[PDB]
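*Asks:* need coordinates for the below:
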Amino acid sequence: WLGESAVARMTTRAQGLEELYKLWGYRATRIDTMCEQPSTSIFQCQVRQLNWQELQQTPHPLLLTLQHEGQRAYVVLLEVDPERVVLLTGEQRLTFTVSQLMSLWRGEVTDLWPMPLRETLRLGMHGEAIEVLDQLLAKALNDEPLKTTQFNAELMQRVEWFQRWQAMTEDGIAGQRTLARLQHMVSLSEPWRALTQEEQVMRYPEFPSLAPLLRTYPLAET
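*Replies:* Numbers count the residues shown, from 1 in each chain. Pasting the structure now:
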């Protein structure tokens, strides 16, 4: 595996995704780690091809596919900067330089993120989905939520402010492009940040007790 056989511990995507779900605090089933659509919980799972510039911009951990002379292996990327990536193998925390990463990674990632909002939300609608919209927008904008259950005129102005920041049409409707960007960037909880930032209260590869996945979506009504 060039010189680093430790990185290549997890040999299937399902094994890697089981580990990636633990970073989010969840115990995943065999169905969840198939990464097939439709989703079986509020999480989205997508395989994508990234370049290194794109990988550096990831807003949350990813599963990297490593390839070496006809073999595949899978490792969790926990954090990344221009010089180094921090990898989780299911047994060890490793740091790789850019050179080490590029010798083994050919672009493929599998990305998991929570996406509880999967239907268009617009002015006049109300319900738990609107409260969740309100909370995610405050998190993305780094400011305060309205504490509203109603998609009102002021929430609409906040959708537009997010839309303009993200270079998307500023129609004030939280439709597919707007909710997909919002929920890939931020989540209601990000337990994985506990592993990023002496010595450690919970040392990897140990995890605290995991929760079952959330398998209901918040509703909204017209």
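
*Asks:* only C-alpha atoms from now on, for both contacts and neighbour counts.
*Replies:* Noted.

*Asks:* residue 86 reaches residue 94, doesn't it?
*Replies:* Yes. Residue 86 is within contact range of residue 94, at 5.8 Å (criterion: Cα atoms under 8 Å).

*Asks:* okay, these two: which has more neighbours?
*Replies:* Residue environment comparison for residue 86 versus residue 94 gives the larger neighbour count to residue 86, 17 against 14, counting by other Cα atoms under 10 Å.

*Asks:* ok, the more buried one - contacts?
*Replies:* Residues touching residue 86, when contacts are defined by Cα atoms under 8 Å, 6 or more residues apart in numbering, comprise 77, 78, 79, 80, 93, 94, 95, 96.

*Asks:* how about a markdown table for those, with secondary structure added?
*Replies:* As requested, the contacts of residue 86 are exported to a markdown table (DSSP: H, G, I helix; E, B strand; the rest coil):
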| residue | secondary structure |
| --- | --- |
| 77 | strand |
| 78 | strand |
| 79 | strand |
| 80 | strand |
| 93 | strand |
| 94 | strand |
| 95 | strand |
| 96 | strand |
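
*Asks:* which one of the residues you listed has the most neighbours?
*Replies:* Compared across these, residue 77 has the highest neighbour count, 23 neighbours, by other Cα under 10 Å.

*Asks:* distance check, it against residue 71.
*Replies:* Distance, residue 77 to residue 71, using Cα to Cα, to the nearest Å: 19 Å.

*Asks:* what sits closest to residue 157 if chain neighbours are left out?
*Replies:* The spatial neighbour of residue 157 that comes closest, neighbours along the chain excluded (Cα to Cα, 6 or more residues apart in numbering), is residue 172 at 6.4 Å.

*Asks:* who's in contact with the one you found?
*Replies:* For residue 172, the residues meeting the contact criterion (Cα under 8 Å, 6+ apart) are 122, 156, 157, 158, 159, 160, 163.

*Asks:* show me where this structure has its helices.
*Replies:* Taking DSSP state H as the test, the helices found in the chain are 13-23, 52-56, 98-104, 128-141, 153-165, 176-185.

*Asks:* which of those helices sits most buried?
*Replies:* Highest mean neighbour count among those (mean count of other Cα atoms under 10 Å): helix 13-23, with a mean of 22.
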